Amino acid sequence: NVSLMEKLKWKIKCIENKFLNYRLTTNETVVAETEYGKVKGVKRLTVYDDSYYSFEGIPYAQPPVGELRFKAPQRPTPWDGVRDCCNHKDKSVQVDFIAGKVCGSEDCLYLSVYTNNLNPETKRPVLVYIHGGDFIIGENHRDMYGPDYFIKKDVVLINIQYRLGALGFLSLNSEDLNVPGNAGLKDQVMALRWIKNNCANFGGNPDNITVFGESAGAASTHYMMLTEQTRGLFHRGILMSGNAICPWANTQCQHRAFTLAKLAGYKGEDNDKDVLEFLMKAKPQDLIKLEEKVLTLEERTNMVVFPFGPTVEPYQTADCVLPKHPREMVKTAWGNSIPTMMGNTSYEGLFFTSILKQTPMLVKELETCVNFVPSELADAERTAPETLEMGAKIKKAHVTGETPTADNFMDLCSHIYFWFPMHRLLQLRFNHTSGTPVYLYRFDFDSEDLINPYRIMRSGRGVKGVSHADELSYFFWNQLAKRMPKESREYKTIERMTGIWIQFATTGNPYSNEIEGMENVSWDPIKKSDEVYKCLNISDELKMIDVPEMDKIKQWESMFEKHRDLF
């Protein structure tokens, strides 16, 4: 999907970034304590001449290799002496989002801790970032998730890794095998427990932890707010462009281990025990490479998004994360009672620009829109008159001219994958909480002067509009970033976005009169009685507005008028 020209430019950027990082490294190292032993970090500079202490490669679990492959994480072995945390470790095995080749290692259960001051005068809010990438790509490397903007302020920032793909999400029905699923979510649980137990050693306040994530990281943050495994571990949550009831955020994959094994050379029958023995002997690169082939013709027909990901676990175990569907988990979730902020960008579906260019026939799906009707409302063949009528409602919402267009398709995508699940979650959750506030934002700031690698992945050079993941450039330094002038609209947006997130992490209320341009903002959380959502819209200005997407959201909701029990 990425052009040969862009791959060359990316290689050049990787090299330039390596040498920049040498020039940003100081000769000052420091030792900190953890429950498992001492760690050595290093003081680094940013291009803005701020500085921070950097600890990367802190293990929170045993490497999940050998007999521990596909199992829940186990606590790491303590060490004497000082563990070197002055460089990053491997990412989880995955197909590189630009090069298209498998990279990473099974030895990936690490987190990184960053702070401008290891012995501050007051214990600090701890912000914990869970990366996205569809449960199949991503990392905590600073070439994508640099802490350089957050460390301007007095917080502790922690970026975790967790297992991806089939290595993180295999699930087998046979109880005796102890592979129920969700290993990668269990990795997240173990990391959050580590953070509670150890953040004070880095100046953090274990009574004031905020978890945030974007895309699959937002679904992950939501899962961490739903599961009993994490009850009470943290105190605020931010869901950026996703949640755990999005249609793409979970799947029942218990039958797919056999299919993967067969693609990898397995010659036996479909029983979990023999399938698992084969998969335990496979090279991890072989499994991850074949993942793109696992979905069957029937599953592709049924619009299953990914073969492996979060699943409803088939039997209970000590470490079980998802014992029921997330919609049912919302009903009893501990995280309903902590301050929550949710939001999306102003043109999420622009992410699909490249896909529509490669296959313009996709626009024909807008002729009836039956393939976009929620699966719980559609008949199996998607031919029933009631299903066509629901599709017609979707079509009216998004097809604005005589002929459907690619922009209509991308607008639809914003709703099916992001806005509509957000609405459904807000309405479900209101029945299962005690007035705990939820705040909405809308990220609506467009620039190509400060970008992030997701723009390359989506072939989005010269494309106007605020796509999924474009906001990450205002939260994290990355290898495509450059120093921006203090007076520039981009620099101000960095200050505003990090500032609002830090304010929310601190107090559970995202408003502060100390954030420039926010003095005249009255940002109320969403009430059960609200018929139109209000959000803070972040453009060149900060303004409270009616969510522009509301009318379309209501049109999607109308599909449930005769099936309200499913909404």
# chains A, B, ... in the order shown; residues from 1 in each chain; ligands from 1

$ select_by_dssp --residues "segment 33-268 of chain A" --states "helix (DSSP H, G or I)" --output "JSON, numbers by chain"
{"A": [66, 67, 68, 150, 151, 152, 165, 166, 167, 168, 169, 175, 176, 177, 183, 184, 185, 186, 187, 188, 189, 190, 191, 192, 193, 194, 195, 196, 197, 198, 199, 200, 201, 202, 216, 217, 218, 219, 220, 221, 222, 223, 224, 225, 226, 228, 229, 230, 256, 257, 258, 259, 260, 261, 262, 263]}

$ select_by_dssp --residues "segment 4-188 of chain A" --states "strand (DSSP E)" --output "ChimeraX atom specification"
/A:25-32,38-45,51-59,82-84,94-95,102-103,110-115,124-130,156-160

$ residues_around --residues "residue 281 of chain A" --least-positions-apart "6" --cutoff "12 Å" --atoms "only C-alpha atoms" --output "number ranges by chain"
A: 65-67, 69-70, 261, 264-266, 274-275, 287

$ residues_around --residues "residue 173 of chain A" --least-positions-apart "3" --cutoff "7 Å" --atoms "only C-alpha atoms" --output "number ranges by chain"
A: 180, 254, 314

$ write_last_selection --atoms "N, CA, C and O atoms" --output "mmCIF file, in the first residue's frame"
data_model
loop_
_atom_site.group_PDB
_atom_site.id
_atom_site.type_symbol
_atom_site.label_atom_id
_atom_site.label_comp_id
_atom_site.auth_asym_id
_atom_site.auth_seq_id
_atom_site.Cartn_x
_atom_site.Cartn_y
_atom_site.Cartn_z
ATOM 1 N N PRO A 180 -7.435 -19.546 27.226
ATOM 2 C CA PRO A 180 -8.808 -19.055 27.041
ATOM 3 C C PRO A 180 -8.924 -17.861 26.113
ATOM 4 O O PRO A 180 -10.039 -17.579 25.651
ATOM 5 N N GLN A 254 -12.280 -18.782 18.377
ATOM 6 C CA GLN A 254 -11.874 -20.068 18.940
ATOM 7 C C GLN A 254 -11.628 -21.132 17.878
ATOM 8 O O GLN A 254 -10.849 -22.065 18.116
ATOM 9 N N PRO A 314 -14.143 -18.558 26.780
ATOM 10 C CA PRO A 314 -15.117 -19.666 26.803
ATOM 11 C C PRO A 314 -15.288 -20.343 28.151
ATOM 12 O O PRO A 314 -16.264 -21.083 28.329
#

$ closest_residue --among "A:233, A:45, A:553, A:257" --to "residue 206 of chain A" --atoms "only C-alpha atoms"
A:233

$ closest_residue --among "A:535, A:463, A:388, A:47" --to "residue 548 of chain A" --atoms "only C-alpha atoms"
A:535

$ residues_around --residues "residue 534 of chain A" --least-positions-apart "4" --cutoff "9 Å" --atoms "only C-alpha atoms" --output "PyMOL selection string"
chain A and resi 439-441+523-526+530+544-547

$ atom_distance --atom1 "atom CA of residue 216 of chain A" --atom2 "atom CA of residue 131 of chain A"
7.1 Å

$ atom_distance --atom1 "atom CA of residue 91 of chain A" --atom2 "atom CA of residue 104 of chain A"
4.8 Å

$ closest_residue --among "A:72, A:521, A:480, A:126" --to "residue 14 of chain A" --atoms "only C-alpha atoms"
A:480

$ atom_distance --atom1 "atom CA of residue 94 of chain A" --atom2 "atom CA of residue 137 of chain A"
5.7 Å

$ residues_around --residues "residue 28 of chain A" --least-positions-apart "3" --cutoff "12 Å" --atoms "only C-alpha atoms" --output "short mmCIF file (atom, residue, chain, number, x, y, z; two decimals) with N, CA and C atoms, in the first residue's frame"
data_model
loop_
_atom_site.label_atom_id
_atom_site.label_comp_id
_atom_site.auth_asym_id
_atom_site.auth_seq_id
_atom_site.Cartn_x
_atom_site.Cartn_y
_atom_site.Cartn_z
N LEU A 24 20.47 14.08 21.36
CA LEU A 24 19.58 14.39 22.47
C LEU A 24 19.89 13.60 23.73
N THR A 25 20.83 12.66 23.68
CA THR A 25 21.20 11.88 24.85
C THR A 25 22.25 12.65 25.65
N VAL A 31 19.67 5.85 38.82
CA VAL A 31 19.12 4.57 39.24
C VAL A 31 17.83 4.79 40.02
N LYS A 40 18.40 1.37 35.65
CA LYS A 40 19.20 2.53 35.26
C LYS A 40 18.55 3.21 34.06
N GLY A 41 18.27 4.51 34.19
CA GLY A 41 17.76 5.31 33.10
C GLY A 41 18.73 6.42 32.74
N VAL A 42 18.33 7.21 31.75
CA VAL A 42 19.20 8.25 31.21
C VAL A 42 18.43 9.55 31.02
N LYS A 43 19.10 10.67 31.26
CA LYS A 43 18.52 11.97 31.00
C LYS A 43 18.65 12.31 29.51
N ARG A 44 17.51 12.65 28.91
CA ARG A 44 17.44 13.02 27.50
C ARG A 44 16.92 14.45 27.36
N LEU A 45 17.30 15.09 26.26
CA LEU A 45 16.76 16.38 25.85
C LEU A 45 15.66 16.19 24.81
N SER A 51 14.03 18.59 29.27
CA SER A 51 14.76 17.37 29.56
C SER A 51 13.90 16.43 30.39
N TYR A 52 14.22 15.15 30.32
CA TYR A 52 13.48 14.15 31.07
C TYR A 52 14.36 12.94 31.32
N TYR A 53 14.01 12.21 32.37
CA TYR A 53 14.63 10.94 32.68
C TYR A 53 13.83 9.83 32.01
N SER A 54 14.55 8.92 31.37
CA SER A 54 13.99 7.92 30.47
C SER A 54 14.39 6.54 30.95
N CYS A 86 18.42 2.06 29.52
CA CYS A 86 18.79 3.24 28.74
C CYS A 86 18.51 3.08 27.26
#
